[PDB]
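Notes for the one structure printed next.
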Amino acid sequence: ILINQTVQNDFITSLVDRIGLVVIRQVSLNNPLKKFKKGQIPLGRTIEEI
Amino acid sequence: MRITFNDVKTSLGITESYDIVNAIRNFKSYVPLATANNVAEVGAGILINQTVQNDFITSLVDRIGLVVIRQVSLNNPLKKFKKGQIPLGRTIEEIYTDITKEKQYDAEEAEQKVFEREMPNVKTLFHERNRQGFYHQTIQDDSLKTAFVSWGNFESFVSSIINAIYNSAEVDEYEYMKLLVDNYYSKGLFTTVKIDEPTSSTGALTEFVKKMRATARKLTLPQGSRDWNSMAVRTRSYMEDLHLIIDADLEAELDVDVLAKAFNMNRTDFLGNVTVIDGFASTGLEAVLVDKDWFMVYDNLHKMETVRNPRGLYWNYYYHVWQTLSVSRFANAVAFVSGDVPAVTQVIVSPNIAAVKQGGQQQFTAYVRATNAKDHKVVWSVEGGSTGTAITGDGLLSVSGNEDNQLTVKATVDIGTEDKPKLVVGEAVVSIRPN
């Protein structure tokens, strides 16, 4: 169910349902082209190739 | 509203000046650690540079102010409605076990049924209302530099920075209580008692006093009344636990005595059981008499945060208080109105929410809150829509087989005339389980 709703119980109609467990989904995404990366340039802007 | 250094000195376990700020805490080789009569040295050490100045002021304001305000808010006159932090898994559900008589001892009757249950616990939901706000204030660098001349200036500065927030919060608490009372009265869940303008003359005043005394005596009946409360569940109250919220004009017209003689208290122990507010701002509401456990307040959090403006050379500290307020649906609560209230206020169905099988039966009874002595007749309707699903005039409803829809029983009272644009109804939710 996308949204929880007040479920009327068969023994007491004055109470509601309670969450007994909370689970957090965690996934990690990568990039398969990272193997083609070169290094870093901390200083300067342009690169010259000869 | 006049908090001084004595209040903070009692709230904390320290005497006059302290070095706990630079004990919790490089910071060490900037300020002296002595608590002697010297103040110029500690002032210079604090004001040597902006990093130390900001760190000290942040620690002081945040920690000390938060602790002091939390400690002082828990001892205000209206602290008996204040609970601690909200418990985990409160489930927002209230369960009350209705009180009944005993069953006669009979072996022949007991031998047939021994596993049989008794009765549903008439569950209901809490009536909630949450609040969240902030006050905030500013402190200048000038009135921090001019605060280390003597040890009295420092404590005066601390008291000054606490007093504004404390008094504003204390004032707002009463307004929030009045708002909650107004909302509850507008919902129509009080039980009403008719009076006639107590401040109009002298006879009206004594008539109102006598009516209040009779109402309190009827509320505190040892055997139970069931006539009061938003749901007829037969609860009993206490002479020493009733609390009265009265209008400012009404209490000014009345005196401290005789009002307490109506109860069993004598002034000293009665002034702590009455709250005074200036006007109810709801039609003709005059004074509301509730049970002690009727109103409760929990606090979600209290927090204090500081930021610094360096261009303007100042600090801003914000105090955030979040808390929730709950009024119970089972405690006794009397409205004591003087207006044009209708003859019938509300009709209540005892079974409330019920569940039945596909071919079962159920008895529903209705209680009408009539402000007059005239008896009224109640008609029963089923709404829904099916074949064989009908309810008799005495409130017995039988469920026919092959039913899927969810149905609600309604009890209606008419107090109009040939043209009747006025209906008061009570709804009971009935669920069905396959057999």
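Readers should treat all values here as calculations from the given coordinates under stated rules, not as data from a laboratory. Backbone-built Cβ (ideal geometry, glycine too); neighbour counts: all protein chains shown.
Structural remarks
- Check: the range B:303-435 dipole with +1 on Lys, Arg Cβ and -1 on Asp, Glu Cβ, in debye: 720
- Vicinal HN-Hα couplings computed from phi for the range B:84-93 (Karplus, 6.51 cos²θ - 1.76 cosθ + 1.60; Hz; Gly/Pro x): x, 5, 5, x, 6, x, 5, 6, 6, 10
- Amide H contacts of B:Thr192: B:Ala335, each under 5 Å away and 5 or more positions distant or on a separate chain (H built 1.01 Å from N in the peptide plane; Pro and chain starts excluded).
- For B:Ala366, net neighbour charge (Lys/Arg +1, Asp/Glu -1) across residues whose Cβ lies under 12 Å away: +1
- Toward the positive end of the charge dipole of the range B:181-232, with +1 on the Cβ of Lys and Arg and -1 on the Cβ of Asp and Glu, the farthest Cα among B:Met231, B:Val181, B:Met212 is that of B:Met231.
- Taking amide H atoms as placed 1.01 Å from N in the peptide plane, the amide H of B:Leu125 lies under 5 Å from those of B:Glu94, each 5 or more residues away in sequence or on another chain.
- Of interest is the spacing of the C-alpha centroids, which for the range B:380-423 and the range B:307-338 amounts to 44 Å.
- Given charges at beta-carbon only (K, R positive; D, E negative), |dipole| of chain A in Debye: 400
- Across the range B:373-381, computed HN-Hα scalar couplings (Karplus, 6.51 cos²θ - 1.76 cosθ + 1.60, θ = phi - 60°) run 8, 6, 8, 10, 9, 10, 9, 10, 9 Hz from first to last residue, x flagging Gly and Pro.
- Long-range HN-HN contacts of B:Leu47 with modeled amide H, under 5 Å: none
- Hydrodynamic estimate: the Kirkwood radius of the range B:186-255 over Cα pairs, inserted into Stokes-Einstein at 25 °C and 0.890 mPa s, corresponds to D of 180 µm²/s.
- When B:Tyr238, B:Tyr174 are sorted by how many other C-beta atoms sit within 10 angstrom of their C-beta, beginning with the fewest, the order is B:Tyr238, B:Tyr174.
- Mean-position separation - Cα centroids, the range B:164-233 and the range A:12-41, in angstrom: 53
- Among B:130-141, B:188-199, B:91-102, the order from most to least packed when residues are scored by Cβ within 10 Å on average: B:188-199, B:130-141, B:91-102
- Value at 222 nm in deg cm²/dmol, rounded to 500, when DSSP H runs of n ≥ 4 in chain B each add -39,500 (n - 2.57): -7500 deg cm²/dmol
- For the listed peptides B:9-16, B:240-247, a ranking on the average number of other beta carbons within 10 Å per residue, highest first, reads B:240-247, B:9-16.
- For the protein assembly as shown: rounded, prolate or oblate by the Cα gyration tensor [a/c cutoff 1.5]: oblate
- Links that overshoot a 32 Å alpha carbon limit, given the list B:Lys123/B:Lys420; B:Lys80/B:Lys377; B:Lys101/B:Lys374; B:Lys28/B:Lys83; B:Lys80/B:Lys218: B:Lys123/B:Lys420; B:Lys80/B:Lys377; B:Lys28/B:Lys83
- Whole-Hz couplings from phi, Karplus 6.51/-1.76/1.60, listed for the range B:196-209; x for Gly and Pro: 10, 6, x, 7, 5, 8, 7, x, 4, 4, 5, 4, 5, 4
- Label point distance in nm, B:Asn264-A:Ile3, each placed 7 Å from Cα along Cα→Cβ: 5.2
- Number of partner chain Cβ atoms within 10 Å, mean per residue of A:13-24: 4
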